[PDB]
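The structure file start06.pdb is reproduced below (PDB, C-alpha atoms (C1' of nucleotides)).
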ATOM      1  CA  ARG A  24      72.226 141.517 140.362  1.00  0.00           C
ATOM      2  CA  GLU A  25      68.610 142.040 139.288  1.00  0.00           C
ATOM      3  CA  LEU A  26      65.542 139.793 139.247  1.00  0.00           C
ATOM      4  CA  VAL A  27      64.528 139.527 135.587  1.00  0.00           C
ATOM      5  CA  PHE A  28      61.576 137.249 134.840  1.00  0.00           C
ATOM      6  CA  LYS A  29      60.438 135.308 131.790  1.00  0.00           C
ATOM      7  CA  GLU A  30      58.671 137.056 128.913  1.00  0.00           C
ATOM      8  CA  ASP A  31      56.905 136.090 125.684  1.00  0.00           C
ATOM      9  CA  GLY A  32      59.178 133.713 123.802  1.00  0.00           C
ATOM     10  CA  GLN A  33      61.199 132.878 126.935  1.00  0.00           C
ATOM     11  CA  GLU A  34      60.759 130.271 129.668  1.00  0.00           C
ATOM     12  CA  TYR A  35      62.776 128.197 132.151  1.00  0.00           C
ATOM     13  CA  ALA A  36      64.325 124.754 131.741  1.00  0.00           C
ATOM     14  CA  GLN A  37      66.405 122.143 133.569  1.00  0.00           C
ATOM     15  CA  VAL A  38      69.591 120.804 131.973  1.00  0.00           C
ATOM     16  CA  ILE A  39      69.327 117.023 131.563  1.00  0.00           C
ATOM     17  CA  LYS A  40      72.247 115.875 129.406  1.00  0.00           C
ATOM     18  CA  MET A  41      75.343 118.063 129.132  1.00  0.00           C
ATOM     19  CA  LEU A  42      76.828 117.515 125.662  1.00  0.00           C
ATOM     20  CA  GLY A  43      79.616 119.018 123.572  1.00  0.00           C
ATOM     21  CA  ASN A  44      79.913 121.121 120.390  1.00  0.00           C
ATOM     22  CA  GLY A  45      78.459 124.113 122.267  1.00  0.00           C
ATOM     23  CA  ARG A  46      74.967 122.709 122.794  1.00  0.00           C
ATOM     24  CA  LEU A  47      73.011 120.873 125.470  1.00  0.00           C
ATOM     25  CA  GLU A  48      69.675 119.196 126.150  1.00  0.00           C
ATOM     26  CA  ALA A  49      67.257 120.987 128.472  1.00  0.00           C
ATOM     27  CA  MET A  50      63.786 119.951 129.629  1.00  0.00           C
ATOM     28  CA  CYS A  51      61.429 122.920 129.376  1.00  0.00           C
ATOM     29  CA  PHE A  52      58.604 123.535 131.849  1.00  0.00           C
ATOM     30  CA  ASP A  53      55.930 122.855 129.201  1.00  0.00           C
ATOM     31  CA  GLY A  54      56.581 119.124 128.744  1.00  0.00           C
ATOM     32  CA  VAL A  55      58.732 118.830 125.618  1.00  0.00           C
ATOM     33  CA  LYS A  56      62.374 118.001 124.924  1.00  0.00           C
ATOM     34  CA  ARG A  57      64.426 120.550 122.995  1.00  0.00           C
ATOM     35  CA  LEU A  58      67.992 120.849 121.689  1.00  0.00           C
ATOM     36  CA  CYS A  59      69.195 124.143 123.142  1.00  0.00           C
ATOM     37  CA  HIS A  60      72.136 126.189 121.868  1.00  0.00           C
ATOM     38  CA  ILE A  61      74.912 127.878 123.844  1.00  0.00           C
ATOM     39  CA  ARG A  62      74.875 131.666 123.429  1.00  0.00           C
ATOM     40  CA  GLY A  63      77.934 133.578 122.226  1.00  0.00           C
ATOM     41  CA  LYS A  64      78.512 135.033 125.685  1.00  0.00           C
ATOM     42  CA  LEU A  65      77.704 131.679 127.316  1.00  0.00           C
ATOM     43  CA  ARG A  66      80.603 129.616 125.949  1.00  0.00           C
ATOM     44  CA  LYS A  67      83.447 130.760 128.228  1.00  0.00           C
ATOM     45  CA  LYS A  68      82.267 133.715 130.351  1.00  0.00           C
ATOM     46  CA  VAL A  69      79.914 131.426 132.308  1.00  0.00           C
ATOM     47  CA  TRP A  70      79.824 127.644 132.664  1.00  0.00           C
ATOM     48  CA  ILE A  71      76.517 125.770 132.398  1.00  0.00           C
ATOM     49  CA  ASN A  72      76.113 122.654 134.538  1.00  0.00           C
ATOM     50  CA  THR A  73      73.464 119.957 134.993  1.00  0.00           C
ATOM     51  CA  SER A  74      70.092 120.347 136.781  1.00  0.00           C
ATOM     52  CA  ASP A  75      70.273 124.140 136.891  1.00  0.00           C
ATOM     53  CA  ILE A  76      67.742 126.931 136.330  1.00  0.00           C
ATOM     54  CA  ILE A  77      68.357 128.620 132.969  1.00  0.00           C
ATOM     55  CA  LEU A  78      66.515 130.976 130.626  1.00  0.00           C
ATOM     56  CA  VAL A  79      65.512 129.375 127.322  1.00  0.00           C
ATOM     57  CA  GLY A  80      64.238 131.215 124.246  1.00  0.00           C
ATOM     58  CA  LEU A  81      61.388 129.960 122.074  1.00  0.00           C
ATOM     59  CA  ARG A  82      61.523 129.470 118.317  1.00  0.00           C
ATOM     60  CA  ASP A  83      58.567 130.687 116.284  1.00  0.00           C
ATOM     61  CA  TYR A  84      58.654 128.416 113.217  1.00  0.00           C
ATOM     62  CA  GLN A  85      60.295 125.179 114.404  1.00  0.00           C
ATOM     63  CA  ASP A  86      59.553 123.491 117.724  1.00  0.00           C
ATOM     64  CA  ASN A  87      62.626 121.317 118.346  1.00  0.00           C
ATOM     65  CA  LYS A  88      65.411 123.912 118.760  1.00  0.00           C
ATOM     66  CA  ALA A  89      66.057 126.544 121.427  1.00  0.00           C
ATOM     67  CA  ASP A  90      68.823 128.752 122.842  1.00  0.00           C
ATOM     68  CA  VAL A  91      69.966 129.598 126.371  1.00  0.00           C
ATOM     69  CA  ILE A  92      70.199 133.144 127.754  1.00  0.00           C
ATOM     70  CA  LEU A  93      70.873 133.275 131.506  1.00  0.00           C
ATOM     71  CA  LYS A  94      71.610 131.165 134.585  1.00  0.00           C
ATOM     72  CA  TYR A  95      70.278 131.410 138.147  1.00  0.00           C
ATOM     73  CA  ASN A  96      72.637 130.023 140.750  1.00  0.00           C
ATOM     74  CA  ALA A  97      71.004 129.525 144.162  1.00  0.00           C
ATOM     75  CA  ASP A  98      69.153 132.353 145.851  1.00  0.00           C
ATOM     76  CA  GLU A  99      67.501 134.148 142.937  1.00  0.00           C
ATOM     77  CA  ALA A 100      66.477 130.694 141.673  1.00  0.00           C
ATOM     78  CA  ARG A 101      64.810 129.773 144.970  1.00  0.00           C
ATOM     79  CA  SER A 102      63.254 133.255 145.154  1.00  0.00           C
ATOM     80  CA  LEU A 103      61.835 132.740 141.655  1.00  0.00           C
ATOM     81  CA  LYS A 104      60.526 129.322 142.743  1.00  0.00           C
ATOM     82  CA  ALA A 105      58.917 130.949 145.800  1.00  0.00           C
ATOM     83  CA  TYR A 106      57.056 133.296 143.432  1.00  0.00           C
ATOM     84  CA  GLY A 107      55.621 130.371 141.444  1.00  0.00           C
ATOM     85  CA  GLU A 108      56.449 129.578 137.816  1.00  0.00           C
ATOM     86  CA  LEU A 109      56.731 125.772 137.479  1.00  0.00           C
ATOM     87  CA  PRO A 110      54.763 122.613 138.276  1.00  0.00           C
ATOM     88  CA  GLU A 111      55.651 121.373 141.749  1.00  0.00           C
ATOM     89  CA  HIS A 112      56.687 117.900 140.535  1.00  0.00           C
ATOM     90  CA  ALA A 113      60.077 119.230 139.383  1.00  0.00           C
ATOM     91  CA  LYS A 114      62.859 119.208 141.975  1.00  0.00           C
ATOM     92  CA  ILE A 115      65.583 121.788 142.582  1.00  0.00           C
ATOM     93  CA  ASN A 116      67.812 119.143 144.279  1.00  0.00           C
ATOM     94  CA  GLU A 117      69.798 121.992 145.930  1.00  0.00           C
ATOM     95  CA  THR A 118      71.558 123.508 142.918  1.00  0.00           C
ATOM     96  CA  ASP A 119      74.488 125.684 144.041  1.00  0.00           C
ATOM     97  CA  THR A 120      78.272 125.741 143.997  1.00  0.00           C
ATOM     98  CA  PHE A 121      79.888 122.928 145.968  1.00  0.00           C
ATOM     99  CA  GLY A 122      82.769 123.245 148.419  1.00  0.00           C
TER     100      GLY A 122
ATOM    101  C1'   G B   1      36.189  89.460  34.181  1.00  0.00           C
ATOM    102  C1'   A B   2      34.649  90.168  40.577  1.00  0.00           C
ATOM    103  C1'   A B   3      34.458  87.615  45.368  1.00  0.00           C
ATOM    104  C1'   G B   4      37.217  83.430  47.187  1.00  0.00           C
ATOM    105  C1'   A B   5      41.246  79.231  47.903  1.00  0.00           C
ATOM    106  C1'   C B   6      46.313  76.285  47.900  1.00  0.00           C
ATOM    107  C1'   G B   7      51.668  77.602  47.734  1.00  0.00           C
ATOM    108  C1'   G B   8      55.937  81.235  48.069  1.00  0.00           C
ATOM    109  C1'   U B   9      58.158  86.151  49.745  1.00  0.00           C
ATOM    110  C1'   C B  10      58.448  90.881  52.649  1.00  0.00           C
ATOM    111  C1'   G B  11      56.640  91.259  57.347  1.00  0.00           C
ATOM    112  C1'   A B  12      53.959  94.681  62.022  1.00  0.00           C
ATOM    113  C1'   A B  13      52.527  91.964  66.299  1.00  0.00           C
ATOM    114  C1'   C B  14      51.142  88.240  70.014  1.00  0.00           C
ATOM    115  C1'   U B  15      52.117  84.100  73.973  1.00  0.00           C
ATOM    116  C1'   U B  16      55.505  80.988  76.694  1.00  0.00           C
ATOM    117  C1'   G B  17      61.353  81.861  78.743  1.00  0.00           C
ATOM    118  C1'   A B  18      66.349  83.754  79.508  1.00  0.00           C
ATOM    119  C1'   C B  19      69.745  87.899  79.311  1.00  0.00           C
ATOM    120  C1'   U B  20      69.660  93.076  80.116  1.00  0.00           C
ATOM    121  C1'   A B  21      71.014  99.886  80.954  1.00  0.00           C
ATOM    122  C1'   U B  22      68.872 103.603  84.456  1.00  0.00           C
ATOM    123  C1'   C B  23      65.767 105.199  88.605  1.00  0.00           C
ATOM    124  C1'   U B  24      62.875 104.614  93.133  1.00  0.00           C
ATOM    125  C1'   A B  25      61.857 101.572  98.992  1.00  0.00           C
ATOM    126  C1'   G B  26      64.457  98.242 101.963  1.00  0.00           C
ATOM    127  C1'   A B  27      65.210  95.580 108.791  1.00  0.00           C
ATOM    128  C1'   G B  28      70.507  94.623 109.469  1.00  0.00           C
ATOM    129  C1'   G B  29      75.766  97.499 109.863  1.00  0.00           C
ATOM    130  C1'   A B  30      80.433  99.486 108.766  1.00  0.00           C
ATOM    131  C1'   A B  31      82.391 104.145 107.055  1.00  0.00           C
ATOM    132  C1'   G B  32      83.596 109.694 105.894  1.00  0.00           C
ATOM    133  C1'   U B  33      82.633 114.968 106.823  1.00  0.00           C
ATOM    134  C1'   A B  34      80.963 119.988 109.784  1.00  0.00           C
ATOM    135  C1'   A B  35      79.661 121.609 114.756  1.00  0.00           C
ATOM    136  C1'   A B  36      83.324 126.830 121.470  1.00  0.00           C
ATOM    137  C1'   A B  37      83.165 123.489 125.908  1.00  0.00           C
ATOM    138  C1'   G B  38      81.066 115.113 127.284  1.00  0.00           C
ATOM    139  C1'   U B  39      84.396 110.448 129.130  1.00  0.00           C
ATOM    140  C1'   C B  40      89.084 107.682 129.331  1.00  0.00           C
ATOM    141  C1'   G B  41      94.299 107.993 128.588  1.00  0.00           C
ATOM    142  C1'   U B  42      98.645 110.838 126.675  1.00  0.00           C
ATOM    143  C1'   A B  43     100.523 108.133 120.895  1.00  0.00           C
ATOM    144  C1'   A B  44     103.396 112.401 118.067  1.00  0.00           C
ATOM    145  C1'   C B  45     106.209 117.763 117.939  1.00  0.00           C
ATOM    146  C1'   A B  46     112.651 119.629 122.339  1.00  0.00           C
ATOM    147  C1'   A B  47     116.812 112.891 123.256  1.00  0.00           C
ATOM    148  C1'   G B  48     108.283 114.432 123.893  1.00  0.00           C
ATOM    149  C1'   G B  49     110.756 111.674 128.583  1.00  0.00           C
ATOM    150  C1'   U B  50     111.044 103.692 125.507  1.00  0.00           C
ATOM    151  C1'   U B  51     114.618 108.423 119.208  1.00  0.00           C
ATOM    152  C1'   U B  52     111.113 108.555 114.949  1.00  0.00           C
ATOM    153  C1'   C B  53     109.665 106.238 110.027  1.00  0.00           C
ATOM    154  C1'   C B  54     108.973 102.038 106.311  1.00  0.00           C
ATOM    155  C1'   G B  55     107.702  96.442 104.838  1.00  0.00           C
ATOM    156  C1'   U B  56     105.566  92.118 107.365  1.00  0.00           C
ATOM    157  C1'   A B  57     103.219  89.226 111.424  1.00  0.00           C
ATOM    158  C1'   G B  58     100.985  88.586 116.138  1.00  0.00           C
ATOM    159  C1'   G B  59      98.836  91.144 120.169  1.00  0.00           C
ATOM    160  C1'   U B  60      95.492  94.474 123.284  1.00  0.00           C
ATOM    161  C1'   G B  61      89.336  99.429 125.873  1.00  0.00           C
ATOM    162  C1'   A B  62      91.602 103.467 122.925  1.00  0.00           C
ATOM    163  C1'   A B  63      95.668 106.186 120.955  1.00  0.00           C
ATOM    164  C1'   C B  64      98.850 101.896 120.927  1.00  0.00           C
ATOM    165  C1'   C B  65     103.257  97.563 121.867  1.00  0.00           C
ATOM    166  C1'   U B  66     106.512  93.626 120.494  1.00  0.00           C
ATOM    167  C1'   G B  67     109.555  90.205 117.009  1.00  0.00           C
ATOM    168  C1'   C B  68     112.530  90.367 112.243  1.00  0.00           C
ATOM    169  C1'   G B  69     114.968  93.324 108.198  1.00  0.00           C
ATOM    170  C1'   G B  70     116.057  98.239 106.486  1.00  0.00           C
ATOM    171  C1'   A B  71     116.194 104.399 106.430  1.00  0.00           C
ATOM    172  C1'   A B  72     118.407 109.104 108.392  1.00  0.00           C
ATOM    173  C1'   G B  73     113.758 112.686 106.904  1.00  0.00           C
ATOM    174  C1'   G B  74     119.076 111.361 113.878  1.00  0.00           C
ATOM    175  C1'   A B  75     120.812 113.758 119.003  1.00  0.00           C
ATOM    176  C1'   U B  76     126.776 111.230 115.210  1.00  0.00           C
ATOM    177  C1'   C B  77     129.605 114.222 108.540  1.00  0.00           C
ATOM    178  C1'   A B  78     135.461 112.736 113.224  1.00  0.00           C
ATOM    179  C1'   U B  79     137.859 109.430 117.871  1.00  0.00           C
ATOM    180  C1'   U B  80     143.632 108.873 117.075  1.00  0.00           C
ATOM    181  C1'   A B  81     149.359 102.636 117.070  1.00  0.00           C
TER     182        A B  81
END
Can you dump the structure from the file as structure tokens?
Amino acid sequence: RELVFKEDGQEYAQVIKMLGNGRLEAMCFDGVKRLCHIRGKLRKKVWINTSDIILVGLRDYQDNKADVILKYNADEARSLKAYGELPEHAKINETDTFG
RNA sequence: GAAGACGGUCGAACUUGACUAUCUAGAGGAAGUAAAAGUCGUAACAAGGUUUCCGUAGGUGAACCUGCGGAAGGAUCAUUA
């Protein structure tokens, strides 16, 4: 509904391996692998898929854990990409809902 | 009557070896437990769709199946001269 951007302690990541036990692996836009955690509103109200644009929170004393906040589906994700936040090597690969 | 010496006894300890109680690393690999969403299939609970279970043996990705002998914790307390 609204375009909210990243802040201090938050960034964007791409889901690489979709696991169980309410956690997943996401590749952050800084160049490090992290074990993210599914938020309490993100278990069943929304469904997180692979290769999607998500909001990932930083951890200030350990640097191998994270947690996920939001999810951008198609148009706000491509509008955020048009603004410029990521290295251009990463590929969207047309992330949206299929038919 | 001192130092010293042979022999005997008690005897700490040393060197060559074995046994030995506990702790700390260890490639390799099989296990158990706690995690809201991974994959395959549906074994069990209603006759769960092949009734379940026990002992033994073989089989197969996985739950699992089959042969032999028992149990009712069975869906039968009973089927007529």
Taking only C-alpha atoms into account, name the residue in A:110, A:122, A:45, A:32 that is nearest to residue 62 of chain A.
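Counting only C-alpha atoms, the residue closest to residue 62 of chain A is A:45.
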| task | Please identify every residue of chain A that has at least one atom no more than 7 Å from any atom of chain B, counting all atoms listed in the file, and report them as a PyMOL selection string. | result | chain A and resi 41-45+66
Requested in this report: Show which residues sit within 9 Å of segment 60-74 of chain B, as an MDAnalysis selection string. Count only C-alpha atoms (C1' of nucleotides), and ignore same-chain residues fewer than 5 positions away.
Outcome: chainID B and resid 40:43 51:55
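Using all atoms listed in the file, the shortest contact distance between residue 46 of chain B and any of B:75, B:7, B:17, B:80 is found at B:75.
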Atom CA of residue 31 of chain A to atom CA of residue 49 of chain A: how many Å, to one decimal?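 Computed distance, atom CA of residue 31 of chain A to atom CA of residue 49 of chain A, equals 18.5 Å.
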| said: Residues within 7 Å of segment 96-102 of chain A, please, as a PyMOL selection string. Count all atoms listed in the file; anything in the same chain fewer than 4 positions from it doesn't count. | reply: chain A and resi 76+106+118-119
Apply the PyMOL selection byres ((chain A and resi 88) around 7) to the displayed file and report the matching residues as a tab-separated table (two decimals) with C-alpha atoms, in the frame of the given file.
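Output below, filename expr_20.tsv:
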chain	number	residue	atom	x	y	z
A	57	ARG	CA	64.43	120.55	123.00
A	58	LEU	CA	67.99	120.85	121.69
A	59	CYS	CA	69.19	124.14	123.14
A	82	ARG	CA	61.52	129.47	118.32
A	85	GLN	CA	60.30	125.18	114.40
A	86	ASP	CA	59.55	123.49	117.72
A	87	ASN	CA	62.63	121.32	118.35
A	89	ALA	CA	66.06	126.54	121.43
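Across the structure, atom CA of residue 67 of chain A and atom CA of residue 91 of chain A are spaced 13.7 Å apart.
Atom to atom, atom CA of residue 104 of chain A and atom CA of residue 39 of chain A stand 18.8 Å apart.
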Which protein, DNA or RNA residues have an atom at most 9 Å from (67.7, 124.1, 135.9), counting only C-alpha atoms (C1' of nucleotides)? List them as a PDB file with C-alpha atoms, in the coordinates of the input.
ATOM      1  CA  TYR A  35      62.776 128.197 132.151  1.00  0.00           C
ATOM      2  CA  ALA A  36      64.325 124.754 131.741  1.00  0.00           C
ATOM      3  CA  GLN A  37      66.405 122.143 133.569  1.00  0.00           C
ATOM      4  CA  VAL A  38      69.591 120.804 131.973  1.00  0.00           C
ATOM      5  CA  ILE A  39      69.327 117.023 131.563  1.00  0.00           C
ATOM      6  CA  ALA A  49      67.257 120.987 128.472  1.00  0.00           C
ATOM      7  CA  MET A  50      63.786 119.951 129.629  1.00  0.00           C
ATOM      8  CA  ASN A  72      76.113 122.654 134.538  1.00  0.00           C
ATOM      9  CA  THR A  73      73.464 119.957 134.993  1.00  0.00           C
ATOM     10  CA  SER A  74      70.092 120.347 136.781  1.00  0.00           C
ATOM     11  CA  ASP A  75      70.273 124.140 136.891  1.00  0.00           C
ATOM     12  CA  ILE A  76      67.742 126.931 136.330  1.00  0.00           C
ATOM     13  CA  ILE A  77      68.357 128.620 132.969  1.00  0.00           C
ATOM     14  CA  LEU A  78      66.515 130.976 130.626  1.00  0.00           C
ATOM     15  CA  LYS A  94      71.610 131.165 134.585  1.00  0.00           C
ATOM     16  CA  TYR A  95      70.278 131.410 138.147  1.00  0.00           C
ATOM     17  CA  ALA A 100      66.477 130.694 141.673  1.00  0.00           C
ATOM     18  CA  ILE A 115      65.583 121.788 142.582  1.00  0.00           C
ATOM     19  CA  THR A 118      71.558 123.508 142.918  1.00  0.00           C
TER      20      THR A 118
END
Calculate, to one decimal in Å, the centre and edge lengths of the box along x, y and z of the file that holds all listed atoms of segment 32-41 of chain B with 6 Å of margin on each side, and present them as AutoDock Vina command-line options.
--center_x 87.0 --center_y 117.3 --center_z 117.6 --size_x 26.6 --size_y 31.1 --size_z 35.4
